[PDB]
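What follows is one structure encoded as structure tokens, with my remarks underneath.
2 protein chains.
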Amino acid sequence: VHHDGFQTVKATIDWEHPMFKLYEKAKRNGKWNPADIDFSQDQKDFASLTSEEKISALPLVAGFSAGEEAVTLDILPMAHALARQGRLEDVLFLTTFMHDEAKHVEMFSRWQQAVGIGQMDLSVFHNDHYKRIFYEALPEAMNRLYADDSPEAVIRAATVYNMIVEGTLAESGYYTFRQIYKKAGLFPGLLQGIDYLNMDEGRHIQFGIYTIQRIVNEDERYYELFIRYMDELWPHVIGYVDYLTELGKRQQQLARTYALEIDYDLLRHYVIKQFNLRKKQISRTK
Amino acid sequence: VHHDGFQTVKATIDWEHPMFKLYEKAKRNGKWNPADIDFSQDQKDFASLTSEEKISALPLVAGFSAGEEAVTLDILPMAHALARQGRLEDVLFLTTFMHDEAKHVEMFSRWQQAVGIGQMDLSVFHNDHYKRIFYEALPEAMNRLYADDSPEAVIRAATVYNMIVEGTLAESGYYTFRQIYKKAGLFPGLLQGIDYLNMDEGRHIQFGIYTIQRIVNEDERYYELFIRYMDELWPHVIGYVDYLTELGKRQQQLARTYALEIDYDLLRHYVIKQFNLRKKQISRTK
Ligand SMILES: CCCCCCCCCCCCCCCC(=O)O
Ligand SMILES: CCCCCCCCCCCCCCCC(=O)O
Ligand SMILES: [Fe+2]
Ligand SMILES: [Fe+2]
Ligand SMILES: [Fe+2]
Ligand SMILES: [Fe+2]
Ligand SMILES: [Mn+2]
Ligand SMILES: [Mn+2]
Numbered sequence: 002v003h004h005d006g007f008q009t010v011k012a013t014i015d016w017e018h019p020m021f022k023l024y025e026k027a028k029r030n031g032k033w034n035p036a037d038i039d040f041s042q043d044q045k046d047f048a049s050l051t052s053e054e055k056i057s058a059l060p061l062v063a064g065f066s067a068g069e070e071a072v073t074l075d076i077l078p079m080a081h082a083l084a085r086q087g088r089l090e091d092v093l094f095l096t097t098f099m100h101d102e103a104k105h106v107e108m109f110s111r112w113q114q115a116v117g118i119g120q121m122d123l124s125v126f127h128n129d130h131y132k133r134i135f136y137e138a139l140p141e142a143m144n145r146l147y148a149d150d151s152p153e154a155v156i157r158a159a160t161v162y163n164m165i166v167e168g169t170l171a172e173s174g175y176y177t178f179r180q181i182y183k184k185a186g187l188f189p190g191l192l193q194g195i196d197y198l199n200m201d202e203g204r205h206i207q208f209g210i211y212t213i214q215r216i217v218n219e220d221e222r223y224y225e226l227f228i229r230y231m232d233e234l235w236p237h238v239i240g241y242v243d244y245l246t247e248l249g250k251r252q253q254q255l256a257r258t259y260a261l262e263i264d265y266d267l268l269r270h271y272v273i274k275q276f277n278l279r280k281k282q283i284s285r286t287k
Numbered sequence: 002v003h004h005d006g007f008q009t010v011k012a013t014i015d016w017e018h019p020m021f022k023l024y025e026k027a028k029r030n031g032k033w034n035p036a037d038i039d040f041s042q043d044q045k046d047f048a049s050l051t052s053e054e055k056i057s058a059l060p061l062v063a064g065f066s067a068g069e070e071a072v073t074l075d076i077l078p079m080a081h082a083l084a085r086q087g088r089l090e091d092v093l094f095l096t097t098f099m100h101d102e103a104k105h106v107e108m109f110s111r112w113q114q115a116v117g118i119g120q121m122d123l124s125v126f127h128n129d130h131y132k133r134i135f136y137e138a139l140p141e142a143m144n145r146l147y148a149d150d151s152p153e154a155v156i157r158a159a160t161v162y163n164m165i166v167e168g169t170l171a172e173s174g175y176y177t178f179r180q181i182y183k184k185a186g187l188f189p190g191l192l193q194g195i196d197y198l199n200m201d202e203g204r205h206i207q208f209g210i211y212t213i214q215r216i217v218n219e220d221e222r223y224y225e226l227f228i229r230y231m232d233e234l235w236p237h238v239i240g241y242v243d244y245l246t247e248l249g250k251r252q253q254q255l256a257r258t259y260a261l262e263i264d265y266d267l268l269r270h271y272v273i274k275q276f277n278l279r280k281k282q283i284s285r286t287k
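As they're listed, the protein sequences go chains A and A'. A prime marks a further copy of an entry chain.
The opening residue of the first sequence carries number 2 in PDB author numbering; numbering runs sequentially from there.
The opening residue of the second sequence carries number 2 in PDB author numbering; numbering runs sequentially from there.
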């Protein structure tokens with residue numbers, strides 16, 4: 002359908018819009034390029050691991066590559082919905098969001114190639130709960146926006162994408178990886194990538210908070226919706242966590258070799274903390 | 002609809018894909034930030050112009066702000082269509098495309114704000130032909146992709162967007178602006194912006210060429226389609242050119258003051274040359 006007119010012809014960008022400001026910060030702080038990361042030491046590290054230590058790392062990496070690829074593809078309907086509502090500043094920022102995700106996908110894929118597992122099919126580490134979230138719920142919620150951009154639909158999309166996938170699962174995956182491998186002294190290129198990634202993701206979650214809050218500000222009923230959509234996904238969030246946790250207990254060789262007490266009962270609780278923390282960033286009234 | 006699996010979990014990015022290579026070049030060469038451009042001299046220049054010299058500049062600027070805003074919004078359906086076909090490398094590159102366009106919109110809008118015409122509604126310089134292209138044909142062709150991603154639909158979208166709007170009209174607008182104001186010594190910030198813009202747009206047109214050619218390579222019948230879609234839009238392309246040309250002849254004050262022989266009959270022919278040149282970049286057989 003036709004453009005009615007154009008905001009930067011009738012007027013200008015809203016320079017004070019929070020999403021314009023977030024866009025400006027993204028440009029400033031979004032310069033990293035995964036093509037510059039030196040993965041040579043990661044190649045050596047991975048090779049020096051035993052076969053059993055080798056796999057220990059793979060489930061988490063499987064979750065991340067899939068996850069970044071899904072969020073790269075699945076933001077597109079949000080950008081469309083907000084474009085069609087005339088939210089130009091949101092769209093500008095979302096170009097940075099989408100390009101960040103592209104770099105995230107690229108980074109993990111480069112790591113896989115470099116350490117020599119690119120030819121391996123890591124889908125084997127996606128259990129039913131992981132699939133429910135990333136192969137199904139996430140694309141369903143986002144694609145819905147093409148035909149239904151109601152407040153309810155937009156809140157649900159931001160909840161699944163920004164608050165659960167990014168704000169709970171991803172945030173926890175950064176923590177877990179850092180905790181295990183930073184302590185080991187392993188995979189410096191990957192950790193550098195994860196650090197840059199974590200910085201970008203700070204902006205993404207702010208967009209999700211802005212989007213959910215601005216809808217909740219129209220009508221408190223929508224607060225209940227937000228809490229409910231969070232709770233509906235929890236079982237799959239924890240059901241994936243348990244499955245990982247449990248894999249990692251069956252191959253604790255990397256833990257004993259590099260002698261780090263991997264407290265799964267501490268990661269499990271970080272995931273719980275993340276989830277509750279995301280709830281608190283939305284208020285019934287603000 | 003569900004993700005079947007993920008390319009960077011089953012395998013890796015296709016590092017040799019032409020669009021992956023274009024993506025890598027975009028990251029390297031796409032660092033500029035319109036927020037860094039110094040527009041202070043442009044403010045002085047514009048103020049020092051007479052009222053009649055002032056407007057001389059505005060039609061072209063009106064066409065560009067509208068144009069950048071439209072292409073920012075209207076690439077989204079192409080990214081969707083190619084995502085859904087599993088063309089991950091194209092999608093990665095398209096994140097750079099979309100973010101470039103965001104910077105383009107931002108740049109013109111910053112210039113308008115800086116010289117003090119942000120409050121002016123420049124829609125008055127969009128005639129019927131301009132509207133036919135930018136308010137109508139462009140969004141129609143792109144939005145079609147949501148429900149019809151046939152080769153015919155994808156060729157038509159790339160033709161209107163990449164070959165006509167970018168490759169013919171925009172390319173000619175860069176040339177025209179440089180020709181007039183570079184010679185005058187005016188609007189250095191805007192010209193710097195236009196130079197950065199022109200560099201980005203080199204990549205955009207390569208994507209359009211890749212996309213049209215790869216479809217034409219499946220079936221030569223599609224070459225005829227491409228030439229025909231080009232010709233269908235020409236009347237609106239030249240009909241906008243005439244309207245500009247004609248405005249610029251009625252207010253030739255800026256020409257006489259800054260004493261530059263604005264050869265409209267040379268710009269008109271550049272637009273003709275651009276158009277024919279774009280045709281030549283697609284071969285019936287390649
Ligand atoms: C054993 C502790 C469990 C830790 C949880 C691990 C979660 C794996 C993370 C995969 C999600 C990646 C999604 C990307 C989101 C984004 O890029 O915006
Ligand atoms: C008098 C000579 C006529 C010159 C033609 C002027 C054309 C104005 C250009 C407006 C189009 C801008 C579209 C942006 C395309 C893109 O950013 O990829
Ligand atoms: Fe993200
Ligand atoms: Fe289960
Ligand atoms: Fe472009
Ligand atoms: Fe006409
Ligand atoms: Mn990410
Ligand atoms: Mn542009």
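For each residue, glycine too, the CB sits at the ideal point set by N, CA and C.
DSSP places A':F7 outside both helix and strand once states are collapsed to three, so it counts as coil. Exposure of A:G87 is indicated by the presence of fewer than 16 other C-beta atoms within 10 angstroms of its C-beta.
For ligand 6, residues qualifying as neighbours are A':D129, A':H130, A':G240, where qualification means a beta carbon closer than 7 Å to at least one of its heavy atoms (chain order).
Pairing A':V106 with A':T73 gives a Cβ-Cβ distance under 7 Å. In this structure A:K104 is buried. Its beta-carbon is surrounded by 16 or more other beta-carbon atoms within 10 angstroms. Residues of the stretch 152-168 of chain A' that bring their beta carbon within less than 8 Å of a beta carbon in chain A are absent altogether.
Taking 7 Å as the threshold, the shortest C-beta distance from A:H18 to chain A' does not fall below it. When CB distances to chain A' are screened at a threshold of 9 Å, the residues of the stretch 131-152 of chain A falling below it are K132, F135, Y136, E137, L139, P140, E141, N144, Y147, in chain order. A residue is listed when its beta-carbon falls short of 6 Å from at least one non-hydrogen atom of ligand 3; in chain order these are A:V72, A:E102, A:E167, A:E202, A:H205. Residues of the stretch 231-255 of chain A' with a Cβ closer than 7 Å to any Cβ of chain A: none. Counting only the Cα atoms, A:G194 lies some 10 Å from A:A36.
If you check the C-beta of A':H105 against ligand 8, you find a heavy atom less than 6 Å away. Scanning A:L226, A:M164, A:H100, A:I134 for the CA closest to the CA of A:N34 turns up A:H100.
Around A':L198, no beta-carbon contact reaches into chain A at under 7 Å, the shortest distance being about 14 Å. When distances are taken from the beta-carbon of A:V242 to the heavy atoms of ligand 1, the shortest one is below 6 Å.
Distances from the CB of A':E69 to the heavy atoms of ligand 8 include at least one below 6 Å. Taking C-beta separations shorter than 7 Å and ignoring five residues to either side along the sequence, the partners of A':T160 in its chain run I213, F227, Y230, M231, following chain order.
With contacts defined as CB atoms closer than 7 Å, A':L268 and A':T169 fail to qualify as a contacting pair.
Under the Cβ criterion (8 Å, minimum of three pairs), the stretch 135-152 of chain A does not count as touching the stretch 182-193 of chain A. For the C-beta of A':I213, not a single chain A residue is nearer than 8 Å; the gap to the nearest is close to 22 Å.
Residue A:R111 holds the alpha-carbon nearest to the alpha-carbon of A':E25 among A:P140, A:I14, A:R111, A:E25. In the three-state reduction of the DSSP assignment, A':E102 falls in the helix class. Unbroken alpha helix (DSSP H) runs of no fewer than 4 residues, entirely contained in the stretch 233-270 of chain A', are found at 254-258, following chain order.
Taking all protein chains shown into account, A:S284 has fewer than 16 neighbouring C-beta atoms within 10 Å of its C-beta and is therefore exposed.
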